[PDB]
Structures are given as structure tokens and as C-alpha cells.
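Quick setup: one chain, the form solved without the partner chain, written in C-alpha cells, and binding and motion questions come after.
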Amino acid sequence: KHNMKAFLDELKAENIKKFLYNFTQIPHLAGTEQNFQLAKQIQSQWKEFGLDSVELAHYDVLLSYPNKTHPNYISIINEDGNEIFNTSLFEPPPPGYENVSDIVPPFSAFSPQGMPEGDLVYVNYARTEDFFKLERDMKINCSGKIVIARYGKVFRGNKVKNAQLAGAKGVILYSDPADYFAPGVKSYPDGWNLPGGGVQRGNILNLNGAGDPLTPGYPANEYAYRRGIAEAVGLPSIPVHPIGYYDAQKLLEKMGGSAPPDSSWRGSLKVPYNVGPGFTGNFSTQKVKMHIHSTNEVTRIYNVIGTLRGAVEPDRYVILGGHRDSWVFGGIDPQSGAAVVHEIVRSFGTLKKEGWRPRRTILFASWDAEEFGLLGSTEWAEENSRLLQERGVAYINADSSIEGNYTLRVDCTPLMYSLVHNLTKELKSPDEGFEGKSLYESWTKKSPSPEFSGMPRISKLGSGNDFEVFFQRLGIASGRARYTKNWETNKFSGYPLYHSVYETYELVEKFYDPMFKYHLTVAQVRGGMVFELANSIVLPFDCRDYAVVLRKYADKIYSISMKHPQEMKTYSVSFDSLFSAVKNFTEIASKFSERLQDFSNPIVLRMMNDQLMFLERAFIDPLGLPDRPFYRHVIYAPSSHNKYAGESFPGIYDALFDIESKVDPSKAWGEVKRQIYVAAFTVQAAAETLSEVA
């Protein structure tokens, strides 16, 4: 038989291992010749595996690279101008790789050039609330200063935006062991911990969904008109560089001024963690100086697009996508994910050679330049927007398969909650102590839902990965899944060797998943979801699950507003219309489910599958959110304070944020009310797409 169980049984742990090894021997940086060569390999093997067509789609986008003969580094300089201390030029390469070329040294992609000189201020994680504490409560002014911040808690792009608006003239980012160094485990190569010479690469853009900085709205094709650099989207205006904790100890050990305001400002190093500004008396005339010479340039990138045509609904698309570009070797991020995609293509191809086809079309993607701002996914979606919005059923992401070995992590649209629950009940747990039990049972036990007994935790989608254009711009139902670490004990700053040279095949095989059983479990979840979405006669979305979280989100935003009872009376601020819309959605969705359970008629079937497909689409507002035109979904956007986190009713949340500080309360509460109107209308319009059509 050709059913889901045939599909699932053909996947093998041993194939995923082989592919991960094949993908991680050399660096595959976006825009380099070796990442083009890997794209041509993937295209050739996806055709051999059986897909009906496989093509490269290329784009010419803005990337960023260091200057090979003019290295980036930081100094302490004395009164006379001698550089008495210099940060490293490279990470000590790991055992066996000490002769590999083309390892890009640590840098912050898209930093402007400069050589600023001045006094240090320590700003903790550089969050919005950390700058409020500095300027409002401690009275410390960052204008004209170089800020040093530890990585962790929020996207590094938001840290840089926050430092810029406080008037900083440069930023220094470092990894503190309190966040990235765990209890009793050794540094690479003896364990999975971060060494004092290790450094986290990463871009520092604020794109808010735009894609290529030079071509917002349109694909970066051969005849594209480009903005000049000064009008480009999302570039930072001050120099930025990342360092390891050996180098950071040298820069912090001399800091004077105010004490840390409390113990949540202290890391793990043997230093006071004083806030500054400047150094203590003996070294009060010393200074910090940055040297940054990176350049921005328009470089070609390549997506691989494979197609497996549907037998019945060839004009309905189910997409499995993940990126292929890496900062260095990509042992976890992304090749642990791309190796799983490779095995999933191979199994669907096995079925196809025996004569099977799915009901709906499945599209497979190897994205480029994800690490430089989701550029490959976003340019392809800009090019194909009209097809994706009238034909796109769902998008399943496939970056890193593991960031731990404790239990499953799922973030998705409410429309897939029921699909995920049913599929994980039919899968075996790979966890020790759950031999012979379901993945549902082990996940539910190790990661309980906050709200409901006997259910597992499923989070909201945030951003910082390739689903952003499909979900928050186009309104296609999306999901992602991987193995992760324990929720208690989790500091939410990532795995220690994230975006480092130490992130290798050996990291994975020795310390994360020696048997490749977690990789295999994640391949069954991602591939099982794609199989049901593309083969089930009725789309596997449950509209009632949207109705439950919308009531939760409305209670939450109402409670934020109720902290200001006098202003709600003065300006006549009512949430009545939002709760009314949510009630109507609950009722109409309940009636829709009853009709979906009663009906031999394919037209009623296409009609009702189309109501299910366009329900996510219904939450899109073509005018976008305020000042963020490419974030169009009214229920979900990336937090304005942290691109990695999801925010619910983001229009209303942002109109309410820090409202008590605004100068014209009347105008600020007018905008709250406008955002309440937009959200009520949009929820009611979404509900009406599920009424009888005529």
C-alpha cells in the first residue's frame, strides 16, 4: 500500500548521518563559489531521487564580507595612542580543521566602516528595559559612548537599534558564560560548551520583512531598479563587532563608575560588571577603539526549487523549505535540517518510482542567504506572490533539527494544533524511559501545556527564519518543529556553539545525537505534516482552535489596557467590539465544522477546502502595521523589541507600550482605539469567510 506508514518507514537514520557528513566538510557561505557548487549537487540529486522538475532561481542581493587584507579588531589605547591590547583576528580552529581555508573570521554582517574612539558603557543585554533602567533610573547617558552588551534574550539587530537610538557611536557584542556555558560540561572539543576564544557571527539588520535592502516589494532580478545605499532598508548607522569571553574579560576588568544596579546585570566572569562610563582612576585616560573595514556588495545567490506534481489538485501547493548557506561548517545550523529535507525528498521519490503521486503539488526548497536576512526565501516569494497567495495551502520550515536532546518543540498557526496532536500520537518516542510509548506521551510529560492538563506546549510563531514572508506577509498557514532542551533550566540565549567555527559534524555525532534517532523523529514529524497536508481529502485544519486562542489573546490585551483605568474612562476606550467579533468567530466556526462533517460532492469539497485555505489569508491587512508595511498579519507579528519572539494583536500592543510616557495622552489613546477598530473588523471579516457563501 502507498500510505503515510510506507512513507515514514522508508526514512533512515543512517541516510541522514551520511548526508550531514557530506554537507559539513567545507564552509558554504552565501555568495561564495563553494555554496554554488553545493546548490548544483543538491539539484542533481533531487532529480536522481525522482522529482518531476528541479531548477535554480538566482537573485543579485546586498551581502557583507570582511576585508581579507585589512582585518577588523578592537583596542585599548593609552594617552599617547599606543594599542596596549588587541582582540583576536580569528577563532583557534578545531582539531583536524587547522588547514581548512575560507573560514570567514568573526564579524557583524552589514556594519558600516569606521574607527571610533571613546569611553565604554555596559548595558547588560541591550534590551528596551535595560536602556530604560540606565537613562530613567540611573541617569546614565550613552550619547557619544561605545556600548558593550552581552548576547542573549533578544535578536542582536534589536540591541543595535536600541543602542543607536540612545546615541551610542559603536557597539561591542560578546558571549558571557552565564548564558552560553553549562554545569559541569567541557568546552569543545571535549564537550558541547563554548571556549573563551569562540565567537558568535550574525547579521545586525532591522529589515522588518523587506528582504534584499535595495529592492523592497520586488524581486532582485536581472533588470531590477535598486535604491542607493543611503535609502536602503534596515542598515545600521554605527560600527559593530563580536568577541569571545577571554577578550571581553580584558575590556570589562577595568570598568568604573556606578555599580551594577542588581544581580541580574552580573554575568559569570571575575569582574565587577560596573556600568561606567569609563575605567577606574589608575586607567582613567585609557580608551577603547574599534577598527571596522567590512564592505557591502551586490552578490548572486541561488535557491534550489524541486516540484512533485499533484495527481488531483496540481494547482494547490504544500511547501517544505529550509536554507543551505552557513556562517562556517553549519554542523547544526542549517545542515542538521537540510540533511532531513534530503532524506524526505528521497522517500517521496521512492513512492513516486513505484507509481504513486500525492493528491496536491509538493514544492521543496533549498534557500540561500538566510543568514544575511532571509533574502533567498523573501526574493523568491516576491517573485511568485500571485501564485502563492491564490494556490498556497501551507509552509513547513526546516532549519536546525536539534538545539538539544530533551524533547520536541513545535511553533505553528493554531490551524495545525490538531494535525500535530494526531500525528505525534502515531509516532514512537525516541526518549530513554519511553521505550514503546508515543512521541505525544513523552512530549506531553516533559513539556506540559501551561493552559490545559494532558496536552503539550505549542508556541506562537515568531521570526528570524524563512517562514516570515509566507506567514506574516502572505498569510499562508505555517509551522516548524525540532528537538530542544529542558524548558526549566533554559536561559533562552541559544546552544553554546551557535554561529561558531566549533559547530561541526563531530559536535553532533559525539555530543547531541550519536544514533541520529532525534534527527529521525524530527524527519517523521516534518515529513508526516507535509504528507497529510498534501494527501488528505479534507485539509487538516481545525478553525475552532483559532477561536480559542483569539479569546485568550483578547483577554491578554484587555488586561494590559486595564492598568490605566482613569484614561480608559476619560477617552472612552472600549474592547466591546473585539470581544463581540471573537464571540461571532467562535459561533460561525462551530457551525462551519458541523457542515464540514456532512457532504460525494467534489465542488462542495473544493469550496470548503478553499474556505479552509483562505482562512489564514483572511487575517492579512493590505495596508500593513504602522511603519512596518511587510508585516500584514493582524493577529501575529514579530515583537518590535525582539524579532525572535511572537506578539499577539501587535497593533494594539505597540499603541499601549509605555503609553504613560507619551506627551499627548489624547493622541496616544486615539491610536489605541483605532487599533481596536482594525482588529475587531479583521476578526469579524475572517469569521465571515466561513459563513455559507450565498
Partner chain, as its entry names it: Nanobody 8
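Residue numbers count along the first chain shown, from 1.
- Going from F599 to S600, the model skips 1 to 3 deposited residues, which lack coordinates.
- Per-stretch averaging of Cα B factors for 92 to 100 and 329 to 337 places 92 to 100 on top.
- Taking only CA atoms, the mean B-factor in the PDB entry is higher for 441 to 449 than for the other of 441 to 449 and 384 to 392.
- Out of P456, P219, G202, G211, the entry records its largest CA B-factor for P456.
- Set against one another, the Cα B-factors of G624, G306, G322, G256 in the record reach their highest point at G256.
- Annotation for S111: CA B-factor lies in the middle third of the chain's modelled residues.
- Among all modelled residues in this chain, the alpha-carbon of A30 has a temperature factor (C-alpha) in the lowest third.
- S536 sits in the middle third of its chain by CA B factor, as recorded in the PDB entry.
- Compared with the other modelled residues of the chain, the Cα B-factor recorded for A685 ranks in the lowest third.
- Ranked by Cα temperature factor within the chain, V678 sits in the lowest third according to the deposited record.
What comes next is about the form solved in complex with the partner chain, which is not displayed.
- Contact here is defined as any heavy atom lying within 4.5 Å of the partner chain in the deposited complex, and by that definition each of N86, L89 and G197 is a contact residue.
- Taking non-hydrogen atoms only, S264 never approaches the partner chain to within 4.5 angstroms in the deposited complex.
- Contact check for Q286: a non-hydrogen atom falls within 4.5 Å of the partner chain in the deposited complex.
- Using a 4.5 angstroms limit between non-hydrogen atoms, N490 is distant from the partner chain in the deposited complex.
- Although the partner is absent here, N82 lies within 4.5 Å of the partner chain in the deposited complex, judged by heavy atoms.
- Contact with the partner chain, judged by heavy atoms within 4.5 Å in the deposited complex, is confined among 149 to 157, 247 to 255, 413 to 421, 344 to 352 to 247 to 255.
- The single contact residue among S237, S438, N78, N141, judged by any heavy atom lying within 4.5 Å of the partner chain in the deposited complex, is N78.
- Screening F585, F471, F364, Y502 for any heavy atom within 4.5 Å of the partner chain in the deposited complex leaves a single hit, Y502.
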